[PDB]
Participant: 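Please read through the structure below; I'll follow up with questions.
One-based numbering along the sequence shown.
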Amino acid sequence: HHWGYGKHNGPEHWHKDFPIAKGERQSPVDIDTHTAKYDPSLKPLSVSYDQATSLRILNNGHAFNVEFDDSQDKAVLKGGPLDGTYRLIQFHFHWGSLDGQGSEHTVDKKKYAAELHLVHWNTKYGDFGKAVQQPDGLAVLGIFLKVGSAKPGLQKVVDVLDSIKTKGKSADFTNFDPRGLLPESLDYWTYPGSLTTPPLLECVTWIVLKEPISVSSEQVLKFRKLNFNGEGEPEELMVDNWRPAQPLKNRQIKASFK
Ligand SMILES: [Zn+2]
């Protein structure tokens, strides 16, 4: 009876194994666009993905992770609200059963069809496992997905999902360029928060881009054919793997743009 997204093991149950679920800096949150203050001191974000080395894609029973070689400063995030250099380790998505839900962060209570998280760790802590124990350990770049025109840079991900249908399956996923998943603008909101899955650690600087990317209905429908279960187990479609908005408490959301 491990955590998941169902009626019996979903977000409202997580607190019983992970009491930090009811903590002071939990994610995601609703972004109230009228309350978020423009902070002219915020720098443009620097996304340096030219040398990114993707290695593998994994169905981990909750989502799929595209994994990167983070043994050197190749793909890094810096600038924005960040001090120092943060290395890309993996990306994944959260998505719904229907286009009207799926995102974790919301914008004035609007839910997007899905949300991409590019997860990076602060090199001053030397490895990911150490970084998640620190308040400034991770920087997660959040990008909304809406359903419309296809995102060509996503299709290589969509087309491999067939080979990692079930929990514990993996596939070789080299030479994927995550710049193909970015929107045009790097305007963002930022706030201090947490991992949105257990262990729900309060170690993330969230950077949520204002501009969504568009993907096609066929693309997101392929996400929805994945499975939470393992091979030859009762099929449970991998949908609605998102945590709802959590209380903002004593936090300010800052906008990079006016
Ligand atoms: Zn995530």
Participant: Which of these passes side-chain contact (heavy atoms from CB on, under 4.5 Å) with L154: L116, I213, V215, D159?
Facilitator: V215

Participant: Between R224 and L237, is there a donor-acceptor pair closer than 3.5 Å when you use the side chain of the first and the backbone of the second?
Facilitator: no

Participant: Quick one: does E211's side chain have a donor or acceptor within less than 3.5 Å of a partner on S185's backbone?
Facilitator: yes

Participant: When you look at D240 and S97, which way does the side chain to side chain donor-acceptor pair (under 3.5 Å) test go after all the steps?
Facilitator: CA-CA 6 Å; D240 292 321; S97 48; 2.7 Å; yes

Participant: Are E235 and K165 close enough for a salt bridge, meaning some N to O gap below 4.0 Å?
Facilitator: yes

Participant: Yes or no on side-chain contact (heavy atoms from CB on, under 4.5 Å) for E115 and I143, after CA distance, side-chain angles and deciding distance?
Facilitator: CA-CA 6 Å; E115 187 173 328; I143 305 187; over 6 Å; no

Participant: Can a donor-acceptor pair be found, under 3.5 Å and without considering hydrogens, that links the side chain of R243 to the backbone of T197?
Facilitator: no

Participant: Could you check whether any side-chain heavy atom of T166 comes within less than 4.5 Å of a side-chain heavy atom of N229, counting everything from C-beta outward?
Facilitator: yes

Participant: State the CD-CG distance between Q90 and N60, to the nearest 0.5 angstrom.
Facilitator: 8.0 Å

Participant: Would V140 and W242 show up in the same hydrophobic cluster when neighbours are defined by side-chain heavy atoms closer than 4.5 Å?
Facilitator: no

Participant: What heavy-atom pair brings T190 and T205 nearest, and what distance separates the two atoms?
Facilitator: OG1-CG2, 3.7 Å

Participant: Do the side-chain N and O atoms of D17 and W3 include a donor-acceptor pair separated by under 3.5 angstrom?
Facilitator: no

Participant: So do the side chains of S170 and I57 get within less than 4.5 Å of each other, counting heavy atoms only?
Facilitator: no

Participant: Do the side chain of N59 and the main chain of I164 share a donor and acceptor less than 3.5 angstrom apart?
Facilitator: yes

Participant: Salt-bridge test for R56 and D172: reply yes if a basic N is under 4.0 Å from a carboxylate O, no otherwise.
Facilitator: no

Participant: Would you say the ring centroid of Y112 lies under 6.0 angstrom from that of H94?
Facilitator: no

Participant: Using only atom types and a distance under 3.5 Å, with no angle test, would you say the side chain of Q246 pairs donor to acceptor with the backbone of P244?
Facilitator: yes

Participant: Could you give the distance from OG1 (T174) to CG (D69), rounded to the nearest 0.5 Å?
Facilitator: 12.0 Å

Participant: What is the minimum heavy-atom distance between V204 and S194, and which atoms define it?
Facilitator: CG2-C, 3.5 Å

Participant: So do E104 and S27 actually touch side chain to side chain, heavy atoms under 4.5 Å?
Facilitator: no

Participant: Using modelled atom types and a 3.5 Å cut-off, is there a donor and acceptor pairing between side-chain atoms of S54 and backbone atoms of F173?
Facilitator: yes

Participant: Quick check: does any side chain N or O of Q219 sit under 3.5 Å from a backbone N or O of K151, one acting as donor and the other as acceptor?
Facilitator: yes

Participant: Return the minimal non-hydrogen interatomic distance between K109 and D30, and the atom names on each side.
Facilitator: N-OD1, 2.8 Å

Participant: Report whether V158 and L181 are members of the same hydrophobic cluster (ILVMFWY, side-chain heavy atoms less than 4.5 Å apart, transitive linking).
Facilitator: yes

Participant: So, for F176 and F91, is the gap between ring centers shorter than 6.0 Å?
Facilitator: yes

Participant: Please evaluate residues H120 and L118 with respect to the criterion side-chain contact (heavy atoms from CB on, under 4.5 Å), reporting the C-alpha separation (whole Å), side-chain torsions for both, the decisive distance (0.1 Å), and the verdict.
Facilitator: CA-CA 7 Å; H120 314 75; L118 295 129; 3.7 Å; yes

Participant: Can you confirm if the aromatic rings of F64 and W95 lie within a centre distance of less than 6.0 Å?
Facilitator: yes

Participant: Ignoring hydrogens and angles, tell me if any N or O in the side chain of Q26 forms a donor-acceptor pair with the backbone of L200 under 3.5 Å.
Facilitator: yes

Participant: Given ring-ring contact (aromatic ring centres under 6.0 Å, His included), test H105 with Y191 step by step and report yes or no.
Facilitator: CA-CA 12 Å; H105 290 92; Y191 76 98; 5.5 Å; yes

Participant: Check the angle between the aromatic planes of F257 and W189 and answer parallel, tilted or perpendicular using the 30° and 60° thresholds.
Facilitator: perpendicular

Participant: Scan residues 128-138 for pairs that pass side-chain hydrogen bond (donor to acceptor under 3.5 Å, both in side chains), counting only residues two or more places apart or in two chains.
Facilitator: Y125-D136

Participant: Is the distance between the ring centroids of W206 and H117 less than 6.0 Å?
Facilitator: yes

Participant: So, are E202 and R25 salt-bridged, with charged N and O less than 4.0 Å apart?
Facilitator: no

Participant: Can you check whether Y49 reaches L88 side chain to side chain, under 4.5 Å on heavy atoms?
Facilitator: yes

Participant: Identify the two heavy atoms, one from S256 and one from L186, that lie closest to each other, and give their separation to 0.1 Å.
Facilitator: OG-O, 4.5 Å

Participant: Keeping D39 on the side-chain end and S41 on the backbone end, is there a donor-acceptor pair under 3.5 Å?
Facilitator: yes

Participant: Does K146 make a cation-pi contact with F144, if we ask for NZ or CZ under 6.0 Å from the ring centre and within 45° of the axis?
Facilitator: no

Participant: Looking at every heavy atom in both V132 and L201, which two are closest together, and how far apart are they?
Facilitator: O-CD1, 3.6 Å

Participant: side-chain contact (heavy atoms from CB on, under 4.5 Å), that's the test. Do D73 and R87 meet it? Break it down for me.
Facilitator: CA-CA 6 Å; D73 285 359; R87 270 195 208 160; 2.6 Å; yes

Participant: Give a yes or no on whether the backbone of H62 and the side-chain of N241 come within a donor-acceptor separation of less than 3.5 Å.
Facilitator: yes

Participant: Test side-chain contact (heavy atoms from CB on, under 4.5 Å) on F93 and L145; report intermediate values, then the result.
Facilitator: CA-CA 9 Å; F93 306 80; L145 282 61; 3.9 Å; yes

Participant: Could you tell me the separation between the CD1 atom of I207 and the CG atom of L45, rounded to the nearest 0.5 Å?
Facilitator: 5.0 Å

Participant: Search all heavy atoms of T33 against all heavy atoms of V107 and return the closest pair with its distance.
Facilitator: CG2-CG1, 3.4 Å

Participant: Once you round to the nearest 0.5 Å, how far does CG of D177 lie from CD of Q51?
Facilitator: 10.0 Å

Participant: Output yes when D108 and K110 qualify as a salt bridge under the 4.0 Å nitrogen-oxygen rule, no when they do not.
Facilitator: no

Participant: Are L248 and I253 packed together at the side-chain level, in the sense that at least one heavy-atom pair is separated by less than 4.5 angstrom?
Facilitator: yes

Participant: Kindly indicate whether the side chain of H92, heavy atoms from C-beta on, has any atom under 4.5 Å from the side chain of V119.
Facilitator: yes

Participant: Give a yes or no on whether the ring-centroid distance for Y5 and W14 is below 6.0 angstrom.
Facilitator: yes

Participant: Look up atom CD in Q72 and atom OG1 in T53, then write down how far apart they are to the nearest 0.5 Å.
Facilitator: 8.0 Å

Participant: Calculate, to the nearest 0.5 Å, the distance between atoms CE and CG belonging to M238 and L161 respectively.
Facilitator: 9.5 Å

